[PDB]
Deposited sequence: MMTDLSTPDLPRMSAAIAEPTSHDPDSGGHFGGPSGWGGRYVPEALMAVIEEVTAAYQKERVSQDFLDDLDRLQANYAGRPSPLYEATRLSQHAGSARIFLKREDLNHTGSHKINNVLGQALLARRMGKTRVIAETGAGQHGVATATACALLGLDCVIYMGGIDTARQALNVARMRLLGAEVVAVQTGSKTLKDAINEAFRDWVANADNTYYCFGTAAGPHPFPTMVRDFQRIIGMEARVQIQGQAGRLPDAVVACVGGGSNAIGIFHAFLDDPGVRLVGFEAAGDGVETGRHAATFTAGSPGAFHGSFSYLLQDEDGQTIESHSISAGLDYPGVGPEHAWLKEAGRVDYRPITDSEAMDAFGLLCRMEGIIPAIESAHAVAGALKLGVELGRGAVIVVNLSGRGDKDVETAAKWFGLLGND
């Protein structure tokens, strides 16, 4: 899984990142670089119809659910290319299966003036003229890989040989679900972006900081993102609603509480939530009854309201 040859290079990366993590700049820069570019920042939607089932509080939904697939990978990949610039590297390489991650990188590469080489297997090249051409309009060099079996793994190594030999100037940009993932802190940190955008937008739309920021927690990572900008705010409660059934308060929400919250979003708001998020809307709702009038509750609508629908329409 990782050629020990990659160890000094991954280490130099991990090393430069930490240095970056020392303060708000790197994310600050990232935030500015995504603005208006490809879906960031996502909208923070005030659900006024929901107020009447929430103790006369004001619920704001932080629409993560409106991101589409890879404008989102672009926003992820830009921070990786912004790390190359800060590290001083001037070229970026990556591998690409069906070509989607190559198109993302090629995009950031070119947004930031970085040269860009993407490795892709000869099998992948012949049947994907379109992403290859995207990539080529965007400026990268697309290297059709003719060794081993001309598949994905194949690209991966040629890229590893490339990255080993060219580490002075070259940042390797990971992202294929089957490719390497050597840098988990990074990937968590980028999601704090969600928090920073909610903090700004709440200050904009309500004129103060919220009385509570809230997410469904038990789901992988990337709901948790909403919190971190808010940790410092002594006035702000942070509540993580856990999928029960029969610095942050964890609290539980039952299969029922979440379904009532669900159908109630469908009807009052016209938005169909992820089940995951219904738990959180349910709790935002608990919270506002419990906090009363003009309470300001920001809620993360995380993720993909595509059939949990299956499930929801059974529930009724």
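Missing C-alpha coordinates mark the following deposited-sequence intervals, in order: 1-40, 287-346, 417-422.
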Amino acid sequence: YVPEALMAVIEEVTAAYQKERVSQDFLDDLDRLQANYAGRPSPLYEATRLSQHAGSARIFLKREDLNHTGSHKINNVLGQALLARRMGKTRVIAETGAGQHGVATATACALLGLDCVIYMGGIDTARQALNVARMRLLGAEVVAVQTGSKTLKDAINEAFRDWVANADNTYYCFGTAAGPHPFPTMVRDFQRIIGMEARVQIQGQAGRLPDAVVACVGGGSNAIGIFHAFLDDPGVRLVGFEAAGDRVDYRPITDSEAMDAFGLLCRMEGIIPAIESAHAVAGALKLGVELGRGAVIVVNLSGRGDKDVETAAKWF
From here on, numbers count along this sequence of modelled residues.
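Legend: mean Cα B-factor per stretch from the PDB entry, 170-178 versus 196-204; the higher mean is in 170-178. Relative to one another, 182-190 and 104-112 have unequal mean CA B-factors, and 182-190 is the one with the higher figure. Taking the PDB entry at face value, the top CA B factor among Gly235, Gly88, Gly240, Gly219 belongs to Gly219. In this PDB entry, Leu291 carries a Cα temperature factor that places it within the highest third of its chain's modelled residues. In the deposited entry, the Cα temperature factor of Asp29 sits in the middle third of values across the chain's modelled residues. When the modelled residues of the chain are ordered by their C-alpha B factor, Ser42 lands in the lowest third.
Annotation for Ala126: CA B-factor lies in the highest third of the chain's modelled residues. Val164 sits in the middle third of its chain by CA B factor, as recorded in the PDB entry.
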